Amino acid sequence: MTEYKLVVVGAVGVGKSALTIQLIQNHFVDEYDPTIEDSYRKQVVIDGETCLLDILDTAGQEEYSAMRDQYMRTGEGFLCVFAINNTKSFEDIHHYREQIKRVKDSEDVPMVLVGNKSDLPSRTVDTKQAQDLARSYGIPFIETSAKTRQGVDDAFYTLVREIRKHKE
């Protein structure tokens, strides 16, 4: 069975952990330890194909060492995720993207932009600019929210789709 190794990146407090758990344990987690980084495996079906997802939920302080570089280098696809309530996350998306391109040694790395917390009424960045930036990157944008869980599976499965397109 074909495996897909997914890596979720973003600033601390964007919702990476809660979103990741929402993909697997099917429950929104209101508060998760900011320091806990772990991987999770889940057997799923995408377009009929029985895929195995391996999701690394990144967390912790910056580490631009050889070891962290190689750890992230094993990622086949990346979820650059931001929160619509935090401007800094949408600004940081670019830095995370450049780091991915460095460790993957390519300008074309499978990834999907995510606008999380689409249940919060406050909007610092609307759904419109994110699609513009993704267009500048050449990736899809999904406005999923882990709290309401709308579009989370769409995001992960779209990353698997982008990976499949890159492998073909």
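Note that residue numbering begins at 1 and tracks the sequence as displayed.
If you average the C-alpha B-factors over 61-69 and over 37-45, the higher value belongs to 37-45. Mean CA B-factor, 149-157 versus 6-14: the higher value falls on 149-157.
Note on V114, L133, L56, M111: the highest value goes to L133, judged by CA B factor as recorded. In the deposited entry, the Cα temperature factor of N85 sits in the top third of values across the chain's modelled residues. In the PDB entry, a CA B factor belonging to the middle third of its chain's modelled residues is recorded for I139.
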